[PDB]
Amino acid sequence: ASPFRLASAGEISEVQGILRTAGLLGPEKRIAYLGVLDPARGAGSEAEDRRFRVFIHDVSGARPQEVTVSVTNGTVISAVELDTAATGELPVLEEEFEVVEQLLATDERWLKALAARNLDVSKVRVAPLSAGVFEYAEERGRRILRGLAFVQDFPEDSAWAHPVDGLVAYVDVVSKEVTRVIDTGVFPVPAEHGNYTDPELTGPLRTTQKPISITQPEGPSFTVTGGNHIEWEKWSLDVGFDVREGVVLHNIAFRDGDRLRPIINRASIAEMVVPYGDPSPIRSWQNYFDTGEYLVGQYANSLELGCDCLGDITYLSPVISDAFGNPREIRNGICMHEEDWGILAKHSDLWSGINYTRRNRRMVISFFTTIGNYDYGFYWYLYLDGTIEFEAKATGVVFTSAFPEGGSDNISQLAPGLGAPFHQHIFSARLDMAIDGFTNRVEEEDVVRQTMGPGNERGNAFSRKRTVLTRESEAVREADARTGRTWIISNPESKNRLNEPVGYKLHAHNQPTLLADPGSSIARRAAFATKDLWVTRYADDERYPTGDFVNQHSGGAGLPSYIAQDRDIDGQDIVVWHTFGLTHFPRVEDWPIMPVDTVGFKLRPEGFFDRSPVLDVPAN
């Protein structure tokens, strides 16, 4: 009965039927995106209306459409034709990936390039990559993918070990034309293999690891009701899944006594961008918007018990649409479990004689996705003490190139002749805040150093300052690790027992933001990534920091256009957008398969509670 329940196979089949009868899903149509819409603000009228948003592509060249459908009422609510030269192309379709390699295999220019390198075309894999917006006027309004080539010596070979540098092609995947083939010169194809399951490379496997058994004899401490509503250790929330964003957390609240207190209305990773820092023309266009261009949810892995998720695991299997509107289940796509997390609080008091120790635990909600050579884990954590944390885990195989004779300022050497271009992995977390309700404000908190003198005669004092962000035009903020800068989201109308506004403090990792020149195409398309924190006034249609249609979109849709409205954010319904990322200079240890590296952020209560919220945790 909950409006936040996961989409069912029956709902998706009904959407397909509604579209087909409306004449909107003929044989030339493909669904590029399908997802449920969240309820509107103030939906307390109980009038449930399950609506779905659909992007419909046309493989014959006709204009795509954006369609909203009510499964409740069985009707098309709206259907708008899109001018993609203006508002952006639709996300990349899975079926367009294979088109690139197939089209190149019959192109005379491509074959000539492969012949010069003595490469069998049957052995050449082509990575189909998003195109961006650069200098090529003929690409305006067309669906372009760019392709980079890798050699697979045999069917089980890791092609990433054998990049074919000096060669790139551009493909129109609708007209099925190879627009350009660029060959800047022959590089030797690196010859060493990168097969991390080959005994020749691994050596004999270790026999020294003894098992660790994690069990829950009485089952887990959380409950799952209505398919996706979670209650755990005073936390209450709904776990959503969207094919673009992946796992989305709704209605995060904490049961404090007999009050259910809201904290975050919606939490998601609303964009992620991977920009490459190699100036070679073979790769200087390379930027992945994994969320906005590829849709990370549709490539979620099925997670294996004992291997991907260890312990007493409760799975969700979200349902998505395929390109034809058929429901497709991602079996075991979401892992949920609780984990011991060490000491929570401890004190041995000499005067009282009381020795006290309590243990911490966290609830984990996670999924994993694979996009080409990259694999990303998305982890949300809830802790006993009210802390909320997000962690991204990056692994997979690094994207490779030739390593040039004479070295490079922009590429690392991984093996003889084998390089890995510098790049970043940057995320945007969209946090639709609801600290004790919707009237919230953000303050920036800096440490304040004080000079020795009157009132500070020994020169030991220090303090802090808080600045309220009152309008969107002043709510674009940068990190300052040296001054311990954090941001507090508070409710000025809800006070704790000391008559202070209740709040939560955002702790960032203070990693570098986007490094590209501010005048670059990627800086314009990923403007969100140039600053650590943005605050907007909530609006229904301001969902993504990059806009609705990211693929081949020139710039002018997302956060910079939202904040130009300069809306009041002082005690209002607000959304915090936090940018955070990894800057990756690949090391030898990242090859041939990369150990996990992590980045994230956390929110901790700041006078939200009247005292420690974990005094009622038992002694274990």
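By rigid core we mean the largest C-alpha set that fits within 1.5 Å across both forms. Numbers for residues come from their place in the sequence shown, where the first is 1.
Q | Stretch departing more from the displayed form, 56 to 64 or 552 to 560, Cα RMS in 7 other deposited structures of this protein (core fit) | A | Stretch with the larger root mean square C-alpha distance in 7 other deposited structures of this protein: 552 to 560.
Q.
Root mean square C-alpha distance from this form after a core fit in 7 other deposited structures of this protein: higher for 588 to 596 or for 41 to 49?
A. Comparing 588 to 596 with 41 to 49, the larger C-alpha deviation in 7 other deposited structures of this protein belongs to 41 to 49.
Q.
Quick check: 10 to 18 versus 598 to 606, which has the larger average CA B-factor in the record?
A. Per the PDB entry, the higher value belongs to 10 to 18.
Q: Between 580 to 588 and 51 to 59, name whichever shows the higher mean Cα B factor according to the PDB entry.
A: That would be 51 to 59.
Q) For the listed residues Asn510, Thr75, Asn265, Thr357, which one has the largest C-alpha B-factor as given in the deposited model? A) Spelled out: the listed residue with the top C-alpha B-factor is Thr75.
Q.
Given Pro545, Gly240, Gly353, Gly333, identify the residue with the highest C-alpha B factor in the PDB entry.
A. When the deposited C-alpha B-factors of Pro545, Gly240, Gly353, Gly333 are compared, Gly353 is largest.
Q.
Going by the CA temperature factor in the PDB record, which third of the chain does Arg259 belong to: lowest, middle or highest?
A. Answer is highest: the recorded C-alpha B-factor places it there.
**Q.** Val71 by Cα B-factor - lowest, middle or highest third of the modelled chain
**A.** CA B-factor rank for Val71: highest third.
**Q.** Entry-reported Cα temperature factor of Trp487, expressed as the chain third it lands in
**A.** Lowest third, going by the recorded CA B-factors of the chain.
Q: Classify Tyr299 as lowest, middle or highest third according to the C-alpha B-factor given in the PDB entry, relative to its own chain.
A: CA B-factor rank for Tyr299: lowest third.
(Q) Using only modelled residues of the chain, where does the Cα B factor of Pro163 rank: lowest third, middle third or highest third? (A) CA B-factor rank for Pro163: middle third.
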